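K.L.:
Input file: entry08.txt. Contents: compact mmCIF, C-alpha atoms and all ligand atoms.
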# COMPACT_ATOMS: atom_id res chain seq x y z
CA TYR A 401 20.61 -20.45 -139.66
CA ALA A 402 16.91 -21.26 -140.33
CA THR A 403 16.88 -25.01 -139.81
CA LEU A 404 14.21 -26.97 -141.66
CA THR A 405 11.66 -29.64 -140.72
CA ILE A 406 11.77 -33.43 -141.11
CA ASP A 407 8.81 -34.14 -143.43
CA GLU A 408 10.70 -32.70 -146.40
CA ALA A 409 13.98 -34.26 -145.24
CA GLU A 410 12.76 -37.87 -145.39
CA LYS A 411 11.35 -37.29 -148.88
CA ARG A 412 14.59 -35.66 -150.06
CA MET A 413 16.86 -38.36 -148.62
CA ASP A 414 14.80 -41.20 -150.04
CA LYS A 415 15.75 -42.46 -153.49
CA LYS A 416 12.52 -41.05 -154.96
CA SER A 417 14.23 -37.77 -155.90
CA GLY A 418 17.46 -37.15 -157.77
CA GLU A 419 20.63 -35.36 -156.69
CA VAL A 420 20.17 -33.04 -153.71
CA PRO A 421 20.80 -29.40 -154.73
CA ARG A 422 23.71 -27.67 -153.03
CA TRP A 423 21.88 -24.42 -152.16
CA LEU A 424 18.30 -25.59 -151.59
CA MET A 425 17.67 -23.71 -148.35
CA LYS A 426 19.30 -20.55 -149.70
CA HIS A 427 16.60 -20.67 -152.39
CA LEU A 428 14.05 -21.39 -149.65
CA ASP A 429 15.24 -18.35 -147.67
CA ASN A 430 15.03 -16.26 -150.85
CA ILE A 431 11.44 -17.49 -151.12
CA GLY A 432 10.98 -16.93 -147.39
CA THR A 433 9.86 -20.30 -146.01
CA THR A 434 10.94 -21.69 -142.61
CA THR A 435 13.16 -18.78 -141.59
CA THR A 436 14.71 -18.13 -138.17
CA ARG A 437 12.69 -17.27 -135.07
CA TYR A 438 14.28 -13.80 -134.98
CA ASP A 439 13.12 -12.90 -138.50
CA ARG A 440 9.72 -14.50 -137.84
CA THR A 441 9.22 -12.26 -134.80
CA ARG A 442 10.63 -9.24 -136.66
CA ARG A 443 8.10 -9.59 -139.49
CA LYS A 444 5.18 -9.44 -137.05
CA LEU A 445 6.87 -6.61 -135.13
CA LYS A 446 7.27 -4.52 -138.29
CA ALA A 447 3.70 -5.37 -139.34
CA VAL A 448 2.27 -4.18 -136.01
CA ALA A 449 4.57 -1.14 -135.77
CA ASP A 450 3.56 0.11 -139.24
CA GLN A 451 -0.12 0.27 -138.19
CA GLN B 634 -11.13 -33.57 -182.65
CA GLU B 635 -11.73 -29.81 -182.67
CA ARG B 636 -13.13 -30.17 -186.20
CA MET B 637 -15.57 -32.89 -185.12
CA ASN B 638 -16.56 -30.89 -182.03
CA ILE B 639 -17.33 -27.86 -184.22
CA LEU B 640 -19.25 -30.13 -186.61
CA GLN B 641 -21.56 -31.59 -183.96
CA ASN B 642 -21.96 -28.15 -182.38
CA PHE B 643 -23.19 -27.03 -185.80
CA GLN B 644 -25.38 -30.08 -186.35
CA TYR B 645 -27.09 -30.31 -182.95
CA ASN B 646 -26.47 -27.19 -180.86
CA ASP B 647 -28.81 -24.42 -181.99
CA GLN B 648 -26.87 -21.36 -180.80
CA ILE B 649 -24.23 -22.13 -183.45
CA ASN B 650 -25.84 -21.90 -186.88
CA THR B 651 -22.91 -20.37 -188.81
CA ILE B 652 -19.69 -22.30 -189.43
CA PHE B 653 -16.69 -20.83 -191.24
CA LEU B 654 -14.69 -23.31 -193.31
CA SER B 655 -11.55 -23.29 -195.44
CA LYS B 656 -10.93 -25.40 -198.59
CA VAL B 657 -11.25 -28.58 -196.44
CA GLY B 658 -15.04 -28.36 -196.71
CA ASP B 659 -14.77 -27.96 -200.49
CA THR B 660 -13.47 -31.52 -200.87
CA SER B 661 -15.39 -34.75 -200.24
CA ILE B 662 -15.53 -34.76 -196.44
CA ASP B 663 -18.44 -35.41 -194.10
CA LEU B 664 -20.34 -32.22 -193.22
CA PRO B 665 -23.70 -31.69 -191.51
CA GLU B 666 -26.75 -30.77 -193.55
CA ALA B 667 -27.26 -27.06 -194.20
CA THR B 668 -29.61 -24.86 -196.20
CA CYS B 669 -27.66 -21.58 -196.45
CA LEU B 670 -24.20 -21.08 -197.94
CA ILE B 671 -22.16 -17.86 -198.02
CA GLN B 672 -19.14 -17.94 -200.33
CA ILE B 673 -16.83 -15.07 -199.40
CA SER B 674 -13.71 -15.89 -201.42
CA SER B 675 -12.51 -18.72 -203.64
CA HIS B 676 -9.37 -20.19 -205.20
CA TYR B 677 -9.50 -17.92 -208.28
CA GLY B 678 -11.89 -18.84 -211.10
CA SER B 679 -12.44 -22.54 -210.41
CA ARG B 680 -15.68 -23.94 -211.80
CA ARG B 681 -15.23 -27.25 -209.95
CA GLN B 682 -15.23 -25.60 -206.51
CA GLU B 683 -18.60 -23.91 -207.12
CA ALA B 684 -20.39 -27.19 -207.76
CA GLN B 685 -18.42 -28.89 -204.97
CA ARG B 686 -19.68 -26.29 -202.49
CA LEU B 687 -23.20 -26.25 -203.96
CA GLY B 688 -23.49 -30.03 -203.62
CA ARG B 689 -23.14 -29.70 -199.85
CA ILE B 690 -26.55 -27.99 -199.63
CA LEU B 691 -28.17 -30.10 -202.36
CA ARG B 692 -28.82 -32.91 -199.83
CA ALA B 693 -30.84 -30.72 -197.46
CA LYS B 694 -33.40 -32.27 -195.13
CA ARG B 695 -36.18 -29.79 -195.99
CA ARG B 696 -36.41 -30.88 -199.65
CA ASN B 697 -39.76 -32.56 -198.99
CA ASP B 698 -41.16 -29.29 -197.58
CA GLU B 699 -43.30 -27.28 -199.98
CA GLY B 700 -41.92 -23.85 -200.83
CA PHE B 701 -38.44 -24.61 -199.49
CA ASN B 702 -35.64 -22.85 -201.37
CA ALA B 703 -31.98 -23.37 -200.54
CA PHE B 704 -29.85 -20.23 -200.36
CA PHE B 705 -26.48 -19.84 -202.11
CA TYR B 706 -24.90 -16.39 -201.89
CA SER B 707 -21.58 -15.45 -203.51
CA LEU B 708 -20.16 -12.31 -201.91
CA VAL B 709 -18.09 -10.38 -204.45
CA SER B 710 -16.08 -7.16 -204.27
CA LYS B 711 -17.29 -4.69 -206.89
CA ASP B 712 -15.04 -3.33 -209.68
CA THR B 713 -12.30 -5.86 -208.81
CA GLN B 714 -11.15 -9.30 -209.90
CA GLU B 715 -13.88 -10.95 -207.80
CA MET B 716 -16.25 -9.97 -210.61
CA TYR B 717 -14.05 -11.64 -213.25
CA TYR B 718 -13.40 -14.74 -211.14
CA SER B 719 -17.05 -15.18 -210.13
CA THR B 720 -18.25 -14.67 -213.71
CA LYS B 721 -15.82 -17.38 -214.81
CA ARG B 722 -16.89 -19.56 -211.87
CA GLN B 723 -20.64 -19.32 -212.50
CA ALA B 724 -20.30 -20.50 -216.12
CA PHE B 725 -20.72 -24.18 -215.23
CA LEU B 726 -23.64 -23.44 -212.90
CA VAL B 727 -25.48 -21.39 -215.53
CA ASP B 728 -24.72 -24.12 -218.08
CA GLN B 729 -26.40 -26.54 -215.68
CA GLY B 730 -29.24 -24.02 -215.57
CA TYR B 731 -28.95 -22.07 -212.32
CA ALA B 732 -29.55 -18.32 -212.48
CA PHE B 733 -27.31 -16.07 -210.38
CA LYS B 734 -29.48 -13.09 -209.44
CA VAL B 735 -27.56 -9.92 -208.64
CA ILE B 736 -28.10 -8.07 -205.35
CA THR B 737 -26.59 -4.59 -205.09
CA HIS B 738 -28.83 -3.36 -202.25
CA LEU B 739 -29.72 -5.03 -198.96
CA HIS B 740 -32.63 -3.69 -196.90
CA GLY B 741 -31.19 -3.43 -193.41
CA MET B 742 -27.85 -1.69 -193.88
CA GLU B 743 -29.28 1.63 -192.67
CA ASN B 744 -30.74 0.23 -189.42
CA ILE B 745 -28.29 -2.60 -188.72
CA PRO B 746 -27.67 -3.01 -184.96
CA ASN B 747 -24.00 -4.01 -185.22
CA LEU B 748 -21.91 -1.90 -187.60
CA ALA B 749 -18.57 -3.44 -188.58
CA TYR B 750 -15.84 -0.87 -189.38
CA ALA B 751 -18.36 1.98 -189.54
CA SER B 752 -15.82 4.48 -188.21
CA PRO B 753 -13.24 5.59 -190.82
CA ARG B 754 -10.36 5.08 -188.38
CA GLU B 755 -11.31 1.43 -187.85
CA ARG B 756 -11.31 0.99 -191.64
CA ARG B 757 -7.85 2.56 -191.79
CA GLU B 758 -6.64 0.34 -188.93
CA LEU B 759 -7.84 -2.70 -190.86
CA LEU B 760 -6.08 -1.32 -193.95
CA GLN B 761 -2.65 -1.03 -192.33
CA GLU B 762 -3.29 -4.40 -190.64
CA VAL B 763 -3.66 -5.95 -194.11
CA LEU B 764 -0.65 -3.96 -195.38
CA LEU B 765 1.48 -5.09 -192.41
CA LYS B 766 0.34 -8.70 -192.93
CA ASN B 767 2.69 -8.94 -195.93
CA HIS B 830 27.06 -41.34 -172.86
CA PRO B 831 24.54 -42.15 -170.11
CA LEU B 832 26.04 -39.68 -167.61
CA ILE B 833 26.64 -36.44 -169.57
CA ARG B 834 23.01 -36.35 -170.76
CA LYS B 835 21.94 -34.80 -167.43
CA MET B 836 24.20 -31.76 -167.94
CA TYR B 837 22.42 -30.63 -171.13
CA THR C 2 42.65 -30.50 -149.79
CA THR C 3 42.81 -28.36 -146.62
CA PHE C 4 39.10 -27.79 -146.05
CA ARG C 5 38.14 -24.40 -144.61
CA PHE C 6 35.45 -24.00 -141.95
CA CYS C 7 32.96 -21.22 -141.30
CA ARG C 8 33.78 -18.76 -138.52
CA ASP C 9 30.14 -18.42 -137.40
CA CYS C 10 28.70 -21.94 -137.09
CA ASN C 11 31.83 -24.09 -137.76
CA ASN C 12 30.70 -25.76 -140.98
CA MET C 13 33.09 -26.54 -143.82
CA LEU C 14 32.50 -24.41 -146.90
CA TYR C 15 31.66 -25.34 -150.48
CA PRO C 16 32.89 -23.74 -153.72
CA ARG C 17 30.36 -21.76 -155.75
CA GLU C 18 30.74 -20.52 -159.32
CA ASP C 19 29.85 -16.85 -159.86
CA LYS C 20 29.83 -14.97 -163.16
CA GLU C 21 30.43 -11.56 -161.55
CA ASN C 22 34.22 -11.98 -161.46
CA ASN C 23 34.73 -15.75 -162.16
CA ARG C 24 36.65 -16.50 -158.96
CA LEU C 25 36.66 -19.42 -156.53
CA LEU C 26 34.34 -18.45 -153.66
CA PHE C 27 33.98 -20.85 -150.73
CA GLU C 28 30.70 -20.14 -148.95
CA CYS C 29 28.92 -21.63 -145.96
CA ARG C 30 25.73 -23.52 -146.78
CA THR C 31 24.10 -22.38 -143.51
CA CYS C 32 24.73 -18.64 -143.09
CA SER C 33 26.19 -17.74 -146.55
CA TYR C 34 29.63 -16.95 -145.10
CA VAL C 35 31.41 -16.19 -148.37
CA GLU C 36 35.21 -16.11 -148.45
CA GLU C 37 37.94 -16.22 -151.07
CA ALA C 38 39.88 -19.42 -151.72
CA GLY C 39 43.66 -19.32 -151.45
CA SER C 40 44.14 -22.31 -153.75
CA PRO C 41 42.34 -23.42 -156.94
CA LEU C 42 42.37 -27.07 -155.78
CA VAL C 43 38.97 -28.29 -154.59
CA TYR C 44 39.21 -32.09 -155.01
CA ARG C 45 42.20 -34.42 -154.86
CA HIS C 46 42.37 -38.22 -154.92
CA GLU C 47 45.55 -40.32 -154.86
CA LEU C 48 45.79 -43.92 -156.03
CA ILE C 49 49.23 -44.58 -154.53
CA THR C 50 49.99 -42.53 -151.42
CA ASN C 51 53.27 -41.88 -149.62
CA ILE C 52 51.48 -40.13 -146.74
CA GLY C 53 51.40 -42.42 -143.71
CA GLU C 54 54.78 -44.13 -144.15
CA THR C 55 56.12 -41.85 -141.39
CA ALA C 56 52.91 -41.77 -139.33
CA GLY C 57 52.83 -42.35 -135.59
CA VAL C 58 56.17 -40.68 -134.82
CA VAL C 59 55.93 -38.83 -131.50
CA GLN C 60 58.48 -37.32 -129.10
CA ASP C 61 58.66 -40.63 -127.17
CA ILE C 62 59.13 -42.96 -130.15
CA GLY C 63 62.56 -44.15 -128.98
CA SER C 64 61.41 -45.16 -125.49
CA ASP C 65 59.51 -48.22 -126.74
CA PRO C 66 61.65 -51.37 -126.41
CA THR C 67 60.31 -53.61 -129.18
CA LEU C 68 61.30 -51.17 -131.93
CA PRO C 69 64.73 -52.34 -133.15
CA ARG C 70 67.92 -50.29 -132.93
CA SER C 71 70.58 -49.71 -135.58
CA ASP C 72 73.95 -47.97 -135.99
CA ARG C 73 73.24 -45.84 -139.06
CA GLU C 74 74.19 -42.22 -139.73
CA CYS C 75 71.78 -39.51 -138.57
CA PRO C 76 72.55 -36.47 -140.75
CA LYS C 77 71.46 -33.84 -138.23
CA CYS C 78 73.50 -34.67 -135.13
CA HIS C 79 75.82 -37.57 -136.19
CA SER C 80 74.42 -40.16 -133.78
CA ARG C 81 75.23 -43.87 -133.68
CA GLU C 82 71.92 -44.93 -132.06
CA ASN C 83 68.49 -44.85 -133.70
CA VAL C 84 65.33 -46.92 -134.04
CA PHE C 85 63.92 -48.20 -137.31
CA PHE C 86 60.63 -49.48 -138.69
CA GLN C 87 59.14 -50.14 -142.11
CA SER C 88 56.17 -48.27 -143.59
CA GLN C 89 53.13 -48.63 -141.34
CA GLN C 90 50.82 -48.66 -144.38
CA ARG C 91 49.53 -52.14 -145.20
CA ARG C 92 49.25 -51.86 -148.99
CA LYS C 93 49.85 -55.12 -150.85
CA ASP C 94 52.20 -53.45 -153.38
CA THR C 95 54.23 -51.32 -150.96
CA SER C 96 58.02 -51.24 -150.76
CA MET C 97 60.24 -52.78 -148.09
CA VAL C 98 62.21 -49.58 -147.43
CA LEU C 99 62.93 -48.73 -143.80
CA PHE C 100 62.51 -45.47 -141.90
CA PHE C 101 65.04 -44.55 -139.21
CA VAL C 102 64.29 -42.20 -136.30
CA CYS C 103 67.11 -40.74 -134.23
CA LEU C 104 66.78 -40.44 -130.46
CA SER C 105 69.00 -37.40 -129.86
CA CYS C 106 67.20 -34.98 -132.20
CA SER C 107 64.11 -36.95 -133.41
CA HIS C 108 65.10 -36.74 -137.08
CA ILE C 109 63.53 -39.19 -139.54
CA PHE C 110 65.26 -40.44 -142.67
CA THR C 111 64.67 -43.18 -145.23
CA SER C 112 66.99 -45.83 -146.68
CA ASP C 113 65.87 -45.46 -150.32
CA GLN C 114 68.86 -44.96 -152.61
CA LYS C 115 66.58 -45.12 -155.64
CA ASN C 116 64.85 -42.03 -154.23
CA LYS C 117 68.22 -40.54 -153.24
CA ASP D 1231 55.92 -38.42 -173.25
CA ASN D 1232 59.41 -37.03 -172.50
CA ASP D 1233 58.12 -34.47 -169.98
CA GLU D 1234 59.19 -34.92 -166.37
CA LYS D 1235 55.61 -34.28 -165.17
CA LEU D 1236 53.05 -36.83 -166.37
CA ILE D 1237 50.02 -34.56 -166.67
CA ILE D 1238 46.89 -35.09 -168.78
CA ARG D 1239 44.12 -32.50 -168.57
CA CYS D 1240 40.40 -32.54 -169.31
CA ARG D 1241 37.55 -30.04 -169.53
CA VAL D 1242 33.82 -30.33 -170.11
CA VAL D 1243 32.09 -28.07 -172.62
CA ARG D 1244 29.39 -25.69 -171.43
CA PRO D 1245 26.21 -25.51 -173.55
CA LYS D 1246 25.00 -22.40 -175.32
CA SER D 1247 21.85 -22.49 -173.17
CA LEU D 1248 21.66 -21.07 -169.66
CA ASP D 1249 22.09 -23.29 -166.59
CA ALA D 1250 20.39 -21.99 -163.45
CA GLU D 1251 21.23 -25.06 -161.34
CA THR D 1252 23.77 -27.20 -163.24
CA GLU D 1253 26.78 -25.02 -162.39
CA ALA D 1254 26.02 -25.23 -158.66
CA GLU D 1255 26.11 -29.05 -158.66
CA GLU D 1256 28.86 -29.31 -161.29
CA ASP D 1257 31.46 -30.58 -158.80
CA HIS D 1258 29.50 -33.73 -157.89
CA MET D 1259 28.91 -34.70 -161.52
CA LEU D 1260 32.58 -34.06 -162.32
CA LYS D 1261 33.40 -36.41 -159.43
CA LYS D 1262 31.05 -38.96 -161.02
CA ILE D 1263 32.76 -38.44 -164.39
CA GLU D 1264 36.18 -39.02 -162.79
CA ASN D 1265 34.73 -42.17 -161.22
CA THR D 1266 33.45 -43.40 -164.58
CA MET D 1267 36.85 -42.99 -166.17
CA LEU D 1268 38.45 -44.67 -163.14
CA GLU D 1269 37.14 -48.18 -163.86
CA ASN D 1270 34.87 -48.07 -166.94
CA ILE D 1271 37.47 -46.99 -169.55
CA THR D 1272 39.56 -49.71 -171.22
CA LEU D 1273 42.72 -48.42 -172.89
CA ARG D 1274 43.51 -51.81 -174.45
CA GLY D 1275 42.65 -55.47 -174.00
CA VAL D 1276 39.44 -57.41 -173.54
CA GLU D 1277 37.15 -57.91 -170.55
CA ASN D 1278 37.43 -60.60 -167.84
CA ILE D 1279 41.24 -60.49 -167.99
CA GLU D 1280 43.23 -59.64 -164.86
CA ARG D 1281 46.96 -60.06 -165.47
CA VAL D 1282 49.16 -61.73 -168.09
CA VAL D 1283 52.61 -63.22 -167.52
CA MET D 1284 55.06 -64.89 -169.88
CA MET D 1285 56.81 -68.23 -169.50
CA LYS D 1286 59.42 -70.15 -171.49
ZN ZN E 1301 28.36 -20.72 -141.35
ZN ZN E 1302 69.89 -37.23 -134.69
Any chance you could put this one into structure tokens?

P.N.:
Amino acid sequence: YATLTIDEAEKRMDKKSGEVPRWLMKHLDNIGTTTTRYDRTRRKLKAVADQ
Amino acid sequence: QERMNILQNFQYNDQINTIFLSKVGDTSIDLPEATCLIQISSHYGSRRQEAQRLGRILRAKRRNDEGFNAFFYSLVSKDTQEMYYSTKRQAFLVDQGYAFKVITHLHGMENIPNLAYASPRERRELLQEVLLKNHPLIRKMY
Amino acid sequence: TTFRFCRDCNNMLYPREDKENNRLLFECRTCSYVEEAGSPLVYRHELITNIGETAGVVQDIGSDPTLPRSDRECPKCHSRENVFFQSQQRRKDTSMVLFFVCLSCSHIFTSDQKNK
Amino acid sequence: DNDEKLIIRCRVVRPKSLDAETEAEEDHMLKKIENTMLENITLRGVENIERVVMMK
């Protein structure tokens, strides 16, 4: 389900930021950052296959 | 700060020699020395404003130079109330002694490089432009 | 509250407000597994709780010797033998009412005549 | 007061402006609001007072 990294996690779970948003990685997936391996391979596959 | 920046750009920088001012420059404020004044419009027929503007160029640096003549032009719109207002305005200056020489022809209109509103459609576009002119916790929820 | 879990990754869902229909939609935070909610309750918190006064009762409750026996009336099988114990909760302002468990049919009943 | 069910109900007022993220995290702040009525609201009496009894 497109798990994230740790460098953002330590900053989020410190008390530097406010309340953690409930749908942060849904917004990240809508942006398209740190997706699954399947979608990451599919993007390159559809980029090569269109050429 | 923008006003001061424009003022020193007028006073020291040579590629800016023309500064446009509103009624702020009419009053007693600090302005750089200048030799040429162009009066486009004015607050009706006020005799005080003419001498207030003319005193800005009376303290010119080139007064010691021989043959130096300061320039004071009053642009008026013919056959309109600019003529009436400017004739009322120049009364104090001609009582002081200054002579307002009329200029109805300028040599350079025929061969001017930049023509402003030369095309009739641009004049019309300007015309309709003028016509169209006239609880510490709930605080995070809002 | 009866939390519901996702059928894909086994994560408990969260309610989300939508303006399309204005209905309670419980969705998974991981894979967006959206489902309807069968109850409008999403959060519940009790100050005084009666849940846990009958906790720990299993099918072999009567085989333990230190639980005391009585001769009360079991209103499911009319038995003369049963075990009894007070409320296992350790609240400072709890009542001293007993709970009786029959051995023949494993029926539990209280001795609260204020409640009855 | 004479009702058999002792129910008091509360709602929070939505603003006229749009909320792109407040409605998603509304449940947590409503939990915080319930928490701040739980102990920070005094119906009657003064502070630093636990319990009063009477004697003759
Ligand atoms: Zn899921
Ligand atoms: Zn029984």

K.L.:
Go through the chains and note each residue within 7 Å of ligand ZN 1301 (chain E), using only C-alpha atoms and all ligand atoms, then give the set as a ChimeraX atom specification.

P.N.:
/C:7-12,29-34

K.L.:
What residues in chain A have any atom no more than 12 Å from chain C when counting all atoms listed in the file, and can you write them as number ranges by chain?

P.N.:
A: 401-404, 421-429, 435-436

K.L.:
Distance cut-off 12 Å, centre (-23.5, -30.6, -185.6) in file coordinates, counting all atoms listed in the file: which residues qualify? Return them as JSON, numbers by chain.

P.N.:
{"B": [636, 637, 638, 639, 640, 641, 642, 643, 644, 645, 646, 647, 648, 649, 650, 651, 652, 663, 664, 665, 666, 667]}

K.L.:
Determine, counting all atoms listed in the file, which protein, DNA and RNA residues have an atom within 7 Å of an atom of range 714-725 of chain B; residues of the same chain fewer than 2 positions away are not included. Present the result as a PDB file with C-alpha atoms, keeping the file's coordinate frame.

P.N.:
ATOM      1  CA  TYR B 677      -9.500 -17.920-208.280  1.00  0.00           C
ATOM      2  CA  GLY B 678     -11.890 -18.840-211.100  1.00  0.00           C
ATOM      3  CA  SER B 679     -12.440 -22.540-210.410  1.00  0.00           C
ATOM      4  CA  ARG B 680     -15.680 -23.940-211.800  1.00  0.00           C
ATOM      5  CA  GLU B 683     -18.600 -23.910-207.120  1.00  0.00           C
ATOM      6  CA  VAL B 709     -18.090 -10.380-204.450  1.00  0.00           C
ATOM      7  CA  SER B 710     -16.080  -7.160-204.270  1.00  0.00           C
ATOM      8  CA  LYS B 711     -17.290  -4.690-206.890  1.00  0.00           C
ATOM      9  CA  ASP B 712     -15.040  -3.330-209.680  1.00  0.00           C
ATOM     10  CA  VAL B 727     -25.480 -21.390-215.530  1.00  0.00           C
ATOM     11  CA  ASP B 728     -24.720 -24.120-218.080  1.00  0.00           C
ATOM     12  CA  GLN B 729     -26.400 -26.540-215.680  1.00  0.00           C
TER      13      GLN B 729
END

K.L.:
Please indicate the distance in Å from CA of residue 46 in chain C to CA of residue 1265 in chain D, rounded to one decimal place.

P.N.:
10.7 Å

K.L.:
Which chain D residues are at most 9 Å from chain A (counting all atoms listed in the file), as a PyMOL selection string?

P.N.:
chain D and resi 1251+1254-1255

K.L.:
Would you pick out the contacts of residue 1260 in chain D at 12 Å or less, using only C-alpha atoms, so that residues sharing its chain but fewer than 5 positions from it are not included, and give the list as a list in words?

P.N.:
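These residues fall inside the cut-off: residues 832, 833, 835 and 836 of chain B; 43 and 44 of chain C; 1240, 1241, 1242, 1243, 1252, 1253, 1254, 1255, 1265, 1266 and 1267 of chain D.
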
K.L.:
Could you please determine the separation between CA of residue 830 in chain B and CA of residue 416 in chain A in Å, to one decimal place?

P.N.:
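Rounded to one decimal, the two atoms are 23.1 Å apart.
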
K.L.:
Hey, list the chain D side of the contact with chain B: 9 Å cut-off, all atoms listed in the file, answer as a ChimeraX atom specification.

P.N.:
/D:1244-1245,1247,1249,1252,1256,1259,1262-1263,1266

K.L.:
Excluding same-chain residues fewer than 5 positions from residue 111 in chain C, what lies within 8 Å of it counting all atoms listed in the file, as a list in words?

P.N.:
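My list of contacting residues is residues 98, 99, 100 and 101 of chain C.
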
K.L.:
Enumerate as a PyMOL selection string the residues within 10 Å of ligand ZN 1302 (chain E), counting all atoms listed in the file.

P.N.:
chain C and resi 74-83+101-110

K.L.:
Take CA of residue 1272 in chain D and CA of residue 47 in chain C and report the distance between them in Å, one decimal.

P.N.:
19.8 Å

K.L.:
Using all atoms listed in the file for the distances, tell me which of C:38, C:54, C:2, C:45 is nearest to chain D.

P.N.:
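So, comparing all the options, the nearest one is C:45.
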
K.L.:
Taking the partial coordinates given, rebuild range 406-418 of chain A to contain N, CA and C atoms; return it as an mmCIF file, in the frame of the given file.

P.N.:
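Output file selection-v4.cif is given in full below:
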data_model
loop_
_atom_site.group_PDB
_atom_site.id
_atom_site.type_symbol
_atom_site.label_atom_id
_atom_site.label_comp_id
_atom_site.auth_asym_id
_atom_site.auth_seq_id
_atom_site.Cartn_x
_atom_site.Cartn_y
_atom_site.Cartn_z
ATOM 1 N N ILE A 406 11.394 -32.057 -140.801
ATOM 2 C CA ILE A 406 11.770 -33.430 -141.110
ATOM 3 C C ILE A 406 10.926 -34.031 -142.228
ATOM 4 N N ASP A 407 9.696 -33.545 -142.435
ATOM 5 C CA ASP A 407 8.810 -34.140 -143.430
ATOM 6 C C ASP A 407 9.340 -33.967 -144.846
ATOM 7 N N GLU A 408 10.010 -32.848 -145.123
ATOM 8 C CA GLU A 408 10.700 -32.700 -146.400
ATOM 9 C C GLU A 408 12.005 -33.480 -146.435
ATOM 10 N N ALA A 409 12.665 -33.639 -145.283
ATOM 11 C CA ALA A 409 13.980 -34.260 -145.240
ATOM 12 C C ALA A 409 13.918 -35.747 -145.592
ATOM 13 N N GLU A 410 12.905 -36.452 -145.080
ATOM 14 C CA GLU A 410 12.760 -37.870 -145.390
ATOM 15 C C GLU A 410 12.416 -38.094 -146.853
ATOM 16 N N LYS A 411 11.645 -37.185 -147.454
ATOM 17 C CA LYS A 411 11.350 -37.290 -148.880
ATOM 18 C C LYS A 411 12.575 -36.977 -149.727
ATOM 19 N N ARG A 412 13.385 -36.001 -149.303
ATOM 20 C CA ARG A 412 14.590 -35.660 -150.060
ATOM 21 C C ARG A 412 15.633 -36.766 -149.982
ATOM 22 N N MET A 413 15.808 -37.374 -148.811
ATOM 23 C CA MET A 413 16.860 -38.360 -148.620
ATOM 24 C C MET A 413 16.409 -39.783 -148.928
ATOM 25 N N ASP A 414 15.167 -39.965 -149.366
ATOM 26 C CA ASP A 414 14.800 -41.200 -150.040
ATOM 27 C C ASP A 414 15.327 -41.180 -151.471
ATOM 28 N N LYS A 415 15.297 -42.345 -152.110
ATOM 29 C CA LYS A 415 15.750 -42.460 -153.490
ATOM 30 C C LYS A 415 14.673 -42.088 -154.503
ATOM 31 N N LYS A 416 13.556 -41.514 -154.046
ATOM 32 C CA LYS A 416 12.520 -41.050 -154.960
ATOM 33 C C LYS A 416 13.005 -39.877 -155.804
ATOM 34 N N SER A 417 13.727 -38.943 -155.193
ATOM 35 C CA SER A 417 14.230 -37.770 -155.900
ATOM 36 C C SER A 417 15.644 -38.009 -156.406
ATOM 37 N N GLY A 418 16.135 -37.055 -157.192
ATOM 38 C CA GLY A 418 17.460 -37.150 -157.770
ATOM 39 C C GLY A 418 18.551 -36.608 -156.865
#
